[PDB]
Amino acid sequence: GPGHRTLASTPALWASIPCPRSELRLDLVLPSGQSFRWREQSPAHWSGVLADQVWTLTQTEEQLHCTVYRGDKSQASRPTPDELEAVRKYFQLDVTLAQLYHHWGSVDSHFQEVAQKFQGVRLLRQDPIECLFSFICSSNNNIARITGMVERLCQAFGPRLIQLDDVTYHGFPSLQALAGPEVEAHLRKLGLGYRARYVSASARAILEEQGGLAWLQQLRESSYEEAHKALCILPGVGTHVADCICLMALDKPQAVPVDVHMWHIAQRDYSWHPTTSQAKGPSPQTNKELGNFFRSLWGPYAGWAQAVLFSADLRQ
């Protein structure tokens, strides 16, 4: 297919959004386990599917530059203002990250130290269905393997969009495409392990028991506590996966995922231990208490502070 674009080579095809590097670092966000579907196909340029089309993104010191491949056999052109608005919404640029970093650092000297080296880590606003099934794939697993799982799931069950160079881009599958009893066996062939059943059973539960796709919008409109409880009915969704979906797709900025990294960060970097349980190791009660500890420390956007520490912990 046609080439993945670079800004300096094809300037007529790009348009900018005001966005300083203090507000966003693509290299610290897009490969860090929020979305699994972006790749640095040219140095400093990240390509992936965003609002149903492929985009490439790159940045200068003060701007986020964007290019879109419409794949409808139309003539190439720069993104329009209306298309750029989808990118601005995906990066939630109405939230001023530099102010949150100052708040978090004022209450937490450890955060302040890490933040100095990890500027521009913000939270993507993701599609609920993509986020749900990506995080079902994430449990007891590592980011490189999760990334492959998600790519193979999309290639097998999602619509083909376009090919750039030798990369064929697919959209994320629908609920219906993931729900049939033949799907688990295919996802097992694709190496999803025991999560193959969780993916297909969760798609069937949403369609057959929760009222279909509108349930995810209902959870976006519900409180954090209500949304988190509701997601936990799904096979493969426990309190951590539910917190990931709440934070990253359901607009719950105080949701704090607690995985292996955040548990070890609490112990190593905060000397924290639970005080609501005599036994101190990970457990439902202690993982719950740890989420509450980080909310109490960082405030109503505690999940966003978690994303900074998580991204940094991947690099150490």
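Residue numbers run from 1 along the displayed sequence.
- Note on 112 to 120 vs 146 to 154: mean CA B-factor is higher in 112 to 120.
- Here the stretch with the larger average CA B-factor, out of 3 to 11 and 307 to 315, is 307 to 315.
- Highest C-alpha temperature factor among 79, 212, 238, 159 per the entry: 159.
- If you compare the C-alpha temperature factors of 141, 106, 126, 92 in the entry, 106 comes out highest.
- Annotation for residue 19: CA B-factor lies in the highest third of the chain's modelled residues.
- Sorting the modelled residues of the chain by their CA temperature factor places residue 253 in the lowest third.
- The deposited CA B-factor of residue 88 belongs to the middle third of values across its chain.
- Annotation for residue 52: CA B-factor lies in the highest third of the chain's modelled residues.
- In the deposited entry, the Cα temperature factor of residue 40 sits in the bottom third of values across the chain's modelled residues.
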